[PDB]
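Chains as they are written, first to last, in this note's numbering: chain A, 1 to 442; chain B, 1001 to 1442; chain C, 2001 to 2453; chain D, 3001 to 3453. Worksheet: the structure to be examined is printed underneath.
Set out below in C-alpha cells:
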C-alpha cells in the first residue's frame, strides 16, 4: 500500500498546543496586539467579524470597529441594502443628534414622563427639550427625569423645566468633541443643545455619547474620523457593480469571498478590482484559499489581503458535499509562509471556538481571525430576540463587547506563554506540539 | 516491538480531504461526468445502484438507467424471477401502451370517473378510450377528466366525449417518437391512440410518457434503444446456468460478486464466462477485491471490470466475523493503479455516505461508485411503504431521482475543487490530505 | 360540616356519556344537522370557528361557511383590520377574476413557466392570458401548462398559444354562473375571458371556480349569495365604532364577547346595538354566560343568540386567575332551558376535544358549538408554516408568541366532527338537531369509567 | 356498610369554582380590597406573609407592609433574633440616613467610583458627602456619579465636587418630610444633608427615599407612621418571654401558632397574653383551627383573630404523620360562620397556589389569606442567591437545608394576586371584600372538571 502513505497529515487547531517559552514579560498588560487587516489597514485588536448574514450587519460592524477591530458586512442582500447598512456605519460615530425628543411648555408631567420612554431608543431618551412650537422649535428649556420625580401627574412642564437662559447652549454646528466636553464640564451639565442664531433647536449633544466616545479609545477609525468597515462581494458580473456602489457608500476594504478562492473567477476579479480606478482606492482582500500555491497566485493577481480557509467553518457543508478542504492549522502555516514573505497579511477565517484557538491561529502565522459561531447570537448580531432567531435559531450570548474583550484577553495570555510582546513576535516565536486522541480529552 | 510497525496504515474516505487545486473552470455546469462502467460500457453519471436485495430490482434499475447511470440487479432470488425483473427493465422505455383503460358509450359520468382512478396506476389513468364493445374495441371517442367536471353523475359518456372523428389518430404501429410528438403538437392533444385499418384500439400513446422520455436525455441506453441494466451472479455450478438465462433476457453486463474476489472460484468463473460463446457477448465484471495483486489476477483471468471492496459496506459483517478487509480509500488507490494501466475500469463498491465521499472515491482513481445505504428506502427501492419494510425496516428517503442529482452535483462540485473538467482529470489531478481524530470532528 | 353539603355539583363533558336509545334510523344520511346560530341565522352544520386570533381570520371564515357553518372573525386587531378581513370574505364567491395573470406574445416558454407557477394563488394559476401590452391589454390568445410541455425554453408564446379567435369569449361583465357554465360546456374549454367592446381583457372566469360554486351546495350564504361571516366586538365606548364599521363591512351577526357576560357592561352593549339603526340590522349574539339567570338577563337585553361558557376554554385562564366558572355541560343544561323557552339559540363555547364532545353539547341543549383548539393549526388557520425536525408547525406572531402543530386542511376535520355528531345522534334516536336536544339522556361516569374509553 | 355513609365530605379549593353572578361593576378599580387582620388591625389588601423561616423576615415584612398587607415574622430563631428583625422593620420608613457614605477632598476619582458602587445598600449609594476628616466630619461638598464621568482616575475629589456653599442644607434634625421635599424642589437637588451648628455631617436625606414615601400610599402603618409587622410565638413557658420582648420591640399583633390550636395549650396561651398588661396592648391572633367548635373556643379565650387550617400547608407534614386535618375550603366555611357572628377576622392559612385560590378563600368567608409557598424564593424572602445551570435559586440554611427557585421581587407578585382577586370579586358581583364574602356562590367539580381548567 504505497500510494496510501504519500498523503501528508494535516493539522487543525485542536491537534496542537502552544509549547511554553521563556517570557521576559513583567506586566499583565504590556503585550501589544496591533496587527494589519490588509496591506494598508492596521487594527488594534486582531478580530474580524465574519461576513455571515447571521453575524455582521450595522450593529455588529459598529461594535467591532469600536472595540478596535472590524467587521465585514455580508453580501446576502441587495446592493442598495448592503450600502444602506454601510452608510449607517459611517454615521454611527456622530455625537450630533438631529431630531431630538421635543415637548411644549404647557403639557403635563405625565406627558413628559410619556415622551421620556418613547419607543424610539432603549432605556428611553435622557431628557426632553422644551420648545415653543413643534415646527418652529425655539428652545425654551430642558426637562430631565429628575425634574419630574416630585411633581403631580397634571403639572405644568413649564414650571419644572430648567429655563433656556439658565442652560448651557452653543451656536456652533461644527463644535469639537474637546470643546463640548469643556462646556459639559464647565457647566456641570449633561446636555448641550446647539441652536441657530434665531433660537432654533438644530442638534442635541448628550453626555452618554460623549462618554461612550472617550471610552472606546482603541477604536479603528478612517481618515475622516468615521468607523472602519469592510464589505464582501462575489465574482459574478453584477458583483463589479456592487463593488463600485460599496466604495461609494464608504467601504474601507473590499473582500472577495468565493468558496474556492484558487480559481480563475477570483484571480480575474482581484485583477479587475485593482485595475479599475473606481475600486483601487481601497484594499482588496481575497479568499478563501488553503494551499501555498493559492497564496502566490492571488498576491500575484494584485491582492492586498488573503482570507485563509477552504471548508473548516461552523457551517462548512463543503466537506460533506464536495469532500474538499484542508485542516485549518496547516492551511494557515502553509499560506502565511508565502504571504508573509510578500508583506501580505492574512485573515484566518473558519474553525475557531476558544480564545485559545485564537492564540493558535496567530502563532501559526495569522494576522487576524474571522469569528463565526462565536459571535452569532450576540446583541449586535442580527435576528429577533432567551434566544435569537433570524431558518436560524441560536441562544443569546449577550453583548459582543465583553465577549471580544475576554477573547483578546486569552490571546494576550496565549502570547505570554509564547514569550511574545507583539503580534509579529507571537507569529515568529510560537512553537507547537501535537496531541493524540487521549491528548485532547484532558 | 519490530513486527508491530511493519504493518502499513490503511486509509478510508473519512481519513482524507481533497486539497483544493487551481480551477480554470468558469461555468457551474461545464464539468463532464461521463465515465466507463466496464471496458465497453460508458455511463453519463458514474453512479451504480448496488446488487443488494434492499436496493435494486426493476424500479431501481429503470430509475438509474434513466438518470444516466445503471443498477445491477441482485441475485438473491430465483433465476426465472431475476430475468423476470430483467425482461421488465427492457420494456420500460416503450411509449406504446397495450391494454389501455377502455369504456362503453352508454355508461355514466360517475362510472367514467370510477375508471379514471382504477387501482392500476398511481394518480390514475389520464383518459379513457370510448369503444363500442370491450372485445371488439372499435374506437368511438376519448374522454378526459376535463370532459366530466360539469356533468351530472348519471350522464351519458357518449355526449361528453370527444368523438373519434374529431380525434387525432394513427394507423402506424411502428410510429417514431419524433412523429408522434409531431401529431401531439400539430393537433394540440395529449393522446394519440393507434388503430388498425379495421378501427380497433391497438395501442395508446400519451403525452406523459412522451414528456418523460424527452426529459431523461442523458439516459443510458443499449443499441436497440432499451435501458441498460446489469445482473449479478455467483461462482457455483448453477450460476453458469443463471448467467446464460440472464444474457438471454437482455443483460448488458454480468457482475460476478463473491465476498472474496481474489479466489480461484472467481478467477475460474471469469475465465469460464469469457470463454463460452453464450456469455462472452456482454462485458464481465469481477469482485470484490482489495489488493493490487488481486487486480492483476482478475484482469488476467479475462475481466472487463473490477469491483473494489472486501468488507467496507453498510452491512459488512465481514470484518466482525472474519476480521478481513482493507480501508476502502487505499483499496481504491492500490487497485486502480493496476487496472488503469490495463485500461480496465473499476467500481468502488462499499462505504459511501456523502456526495463528498463520492468525489473522494473518484479522485482516488475509481470510475464509478456502487451505492448502498444511500439508496435503500427510496421510492424505487423494494419494500412495502413513513417507512419502508421488506427482516428489514428503513426510513423513507423519497424518490431516487433528486437524491442522485444532488449526489452528482456534489461530485461535480468536488471536481471543481480538484480543478478537473472530466472524470479522467478528477482521477489524475486530485491530491489528498489526512485528518486526525480531531480533524474529522470540524 | 354542613355548609359544604349544599354546594351543587356541576358536570363537564367527561363526566357523562349519552345513554343509547332506540334508533329507528336506517339511512345513516337521513340525519339532518341544520340548526340556528341566532334567531335569524340558520346553518347547515352546527360548527362555529371561535373568534380567537389563532383560529379565525379570512381563510378560516371562508372554509367554515363553505362547509356549511360560519366563522367569527376575531377582534384582536384594529378596526380597519377586522373590516378588511370581513371584506375579503364577502367577495370570495366571485367567479369574475379582476386582473388575471397576463403575458405578451414575444416572451419565452421559459418566461411562461415562470408566470404559471408564480404563487399568485396558493398553488399558482392555470392559464396566462396573452395580451399585446401590459397597459392597453388587448387579448390575443391563451397559454396553458400543456401548450408548453413540448417546446424548448427559447420558444415564443405566439408560437404555442391558442389564438383568441379559437377561444370562447364574452362581453357581458354581468354574466350568470349558468351562462358561463354553458359556454364552458358548449365550447369544451376551461377558461372564458370577458372582454370589452374594443377587445381589452376585462375579466377571466376559470372552470375551477365554476366547479367550486357547483360543489359546496351547503355553503352558508347571505341574500346576495355571499358567505356568511360574523365578527366580534367588546363592551368599550369604541367597540360601538367597531360594530358600526363591521356592519358596513357586511357582517351578518355581531358577537359581543367578554369573559363575564352576566354584567351591566355586556347587557348595556347589547342594548346599545339593538337601539342603533346602524347595527340593529343584524343579529346580536351576547356572551359569555353560564347560569340560567344570565341567559334570562341577556335575552331581556335583546340578544338574538347567547354564547355559553365561563371558564372551559382551552387557553382560557379564567379558572386560575379568578377561580370562577361553571362546568360546561351543567352550564349548557342550565342556560338552554331558559333559552329554548324564549326562542334564543345557544353556542356552547369551550372545552370541546372530540366529535363525541360535540354530541354531548348538542344533546345537552345547545344549537351550535364553538371550536377553538380543535381548529387552530390548520391550513386555513392564521400563522405561518415553518418546518422543524421533519414536522410542520404554525407560528402566530402577536396574540391576546406560540407554535401549534400543523393539522392539515380544516374541511376534512369539520366533516368528521359532523359525521361523529351524526353518529352520536343515532345513539340518541335522533333524526334532527332538535331531536338530539330533546331526546338525549345522560349517565355519569366516575373517574374510573373515563379510563375505560 | 352504613358507618361509612355518615362521614361528611370536606371540600378544598380545587373542589369548587365561583359561580359567576350579576356584576354591576364598570370601573375595574372601583373594587375595594381592604379588610381586617384582627379586631383592631385593618389592611388595604388581604395578603399576609406566612411566618415560615423560608418566607418572612425583615425584608419580606417590609415589602408586604409597603404593598398594603403585613408580614408575620417567624419564631424559628432566638428571641434576640426575632426582636432584632422587628426593630429593623420598625425603622425602615425613616428618611434620615445616619452615617452616610463619606469621602475626603484629596482622594481620587478612582477612590470615588470605589465608594459609590460599594454595596452599602443593594445597588449602592448615589452620592458621597465630602468631609475633611472621618472623625470631625465637617461637610465641604458632595460628589455624584455624574461629577466623575469626565475625569481621569487620578483626579482629586475637590476638583469635581459641588462645594457645600452651593448645596442645599438644613440644621433641623427634626425636619418634616414636607420640609425636605420642599428644599429638594426649590433647590432642584436630590440630596439635602442635615448638619450641626458647627458644620458637621449629622444626617443625609436622599430624593429616592422621599420618592418612595410619596409613592406607597397604601402602606400599612402604625400610629407613629411605621410599618405594621406581626411576630409569631408558640405555647411554652418561654414564649411568654418571647411575646413580652416582641411587644417592647414594637410588634403590632402576636400570632400564637401551633399546629393544633384547638387545645388547652393554645387557649391558655391566648388567655395569658390577654391578662398580662405587657402584652394585652396588642391584638392576639390564635391558630391553627379548622372546626366551628375551635373557633368558638378561641374567641371565648379572648382571641382578636383566628388562623384557619390544620393540614393544607405546602410543607405541612401533619396529614402524613398524624392523619388529621380538614379540607381547607370546608375549614374556612365552618370557622368563619362562627367568627362573623362575633366580629373576629379569620386568616385562611395554607394550600393557596393561585390568585383564584385567594378568590375562593375570601369568597368562602375569610378576611385575609396567608401565603407561604407562593412567596418563598422571592428577592425579599430569606435565603442566599446562588447560580446553577443558567438558573438562579435560593438556599436557606437551618430550618424547622433546601433550595427554592428564584421568583423575582415580591411586589409584582403581590400585585397580580390582588388583581386576580379583584377579578374574582367581579365574578361574584362584589365591590368590597365583605361583599365577596356574602355574595359568593360555589359549584363543585369532579376530578374531570378540574382537568378542563
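Idealized CB from N, CA, C, for every residue including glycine.
Verify whether the separation of the beta carbon atoms of residue 86 of chain A and residue 246 of chain A is less than 8 Å.
yes
For residue 428 of chain A, which option in A:436, A:419 and A:351 has the closest C-alpha, if you only look at C-alpha atoms?
A:419
Taking a cut of 7 Å between CB atoms, which residues from the stretch 189-218 of chain A lie near chain D?
190, 207 and 211
Using a Cβ-Cβ distance cut-off of 8 Å, determine whether residue 140 of chain A contacts chain D.
no
Who are the near neighbours of residue 1181 of chain B in its chain, counting only those whose CB is closer than 7 Å to its CB and skipping five residues on each side?
1210
Under 8 Å by Cβ, that's how I've got residue 3382 of chain D and residue 3012 of chain D pegged, so tell me the actual separation to the nearest angstrom.
That pair is no contact at about 29 Å.
Looking at residue 1230 of chain B: is its Cβ nearer than 8 Å to the Cβ of residue 1070 of chain B?
yes
Does residue 3194 of chain D pass the burial test, meaning 16 or more other C-beta atoms within 10 Å, or should it be called exposed?
buried
Given residue 2343 of chain C, which residues of its chain have a CB within under 7 Å of its CB, disregarding the five upstream and five downstream residues?
2039
I'd like the span of the beta strand (DSSP E) that includes residue 3193 of chain D, first residue to last.
3191-3195
For the beta strand (DSSP E) containing residue 2127 of chain C, list its first residue and its last residue.
In the DSSP annotation of this structure, the continuous segment of the beta strand (DSSP E) that includes residue 2127 of chain C starts and ends at 2127-2131.
Are at least three pairs of beta-carbons, each pair with one atom in the stretch 1344-1352 of chain B and one in the stretch 1305-1322 of chain B, less than 8 Å apart?
yes
Among A:75, A:99 and A:65, whose alpha-carbon lies nearest the alpha-carbon of residue 93 of chain A?
A:65
Threshold first: 4 residues or longer. Then list the alpha helix (DSSP H) segments lying entirely within the stretch 2053-2123 of chain C, N to C.
2058-2066, 2079-2090 and 2109-2117
Cutting at 8 Å between CB atoms, please list the residues of its own chain near residue 155 of chain A, excluding the five before and the five after it.
A distance below 8 Å between beta-carbons, with the five flanking residues on each side excluded, links residue 155 of chain A to the following residues of its chain, in chain order: 108 and 109.
Assuming contact is defined by CB atoms lying nearer than 8 Å, are residue 297 of chain A and residue 1417 of chain B in contact in what I supplied?
Against a cut-off of 8 Å, the Cβ pair of residue 1417 of chain B and residue 297 of chain A comes out as no contact.
Quick check on DSSP: helix, strand or coil for residue 2037 of chain C?
strand
Return yes when the Cβ of residue 1368 of chain B is within less than 8 Å of the Cβ of residue 1400 of chain B, no when it is not.
no
Using 8 Å as the threshold, is the C-beta distance between residue 291 of chain A and residue 262 of chain A below it?
yes
How many angstroms separate the CA atom of residue 329 of chain A from the CA atom of residue 10 of chain A?
8 Å
Measuring only between beta-carbons, confirm whether residue 2256 of chain C sits less than 8 Å from chain D.
Residue 2256 of chain C does not count as touching chain D.
Pick helix, strand or coil for residue 1436 of chain B, following the three-state DSSP scheme.
Here residue 1436 of chain B sits in coil by DSSP.
In whole angstroms, what is the alpha-carbon distance linking residue 1062 of chain B and residue 1091 of chain B?
10 Å
I want to verify the contact list: residues of chain C whose CB lies under 9 Å from the CB of residue 1181 of chain B, in sequence order.
2150
Please tell me whether residue 3132 of chain D and residue 3104 of chain D are closer than 8 Å, where the distance is taken between their beta carbons.
The Cβ atoms of residue 3132 of chain D and residue 3104 of chain D sit closer than 8 Å to each other.
At least one CB of chain B closer than 8 Å to the CB of residue 263 of chain A: is that the case?
yes
Give the residues of chain D in contact with residue 2022 of chain C, contact being defined as C-beta atoms less than 9 Å apart.
Neighbours of residue 2022 of chain C on chain D: none; closest Cβ ~29 Å, over 9 Å.
Do residue 2305 of chain C and residue 2289 of chain C have their CB atoms nearer than 8 Å?
For residue 2305 of chain C and residue 2289 of chain C, no; Cβs fall outside 8 Å.
Residues in its own chain within less than 6 Å of residue 370 of chain A by CB, not counting five upstream and five downstream?
48, 50, 347 and 349
Determine the contact status of residue 2357 of chain C and residue 3448 of chain D, defining contact as a CB-CB distance below 8 Å.
Cβ atoms of residue 2357 of chain C and residue 3448 of chain D: not closer than 8 Å.
Interface residues of chain D around residue 66 of chain A at Cβ under 8 Å?
Result: empty, since nearest Cβ-Cβ is about 18 Å, beyond 8 Å.
Going along chain B, which residues have a C-beta under 8 Å from residue 260 of chain A?
1020, 1023, 1416 and 1417
Leaving out the 5 sequence neighbours to the left and right, which residues in its chain are closer than 7 Å to residue 137 of chain A when beta-carbon positions are compared?
102, 131, 200 and 201
Name the chain C residues whose beta carbon is nearer than 7 Å to that of residue 1184 of chain B?
Going along chain C in sequence order, the residues near residue 1184 of chain B (Cβ under 7 Å) are 2150.
Find the nearest neighbour of residue 2005 of chain C within the set D:3001, D:3029, D:3002 and D:3016, judged by alpha-carbon distance.
D:3016
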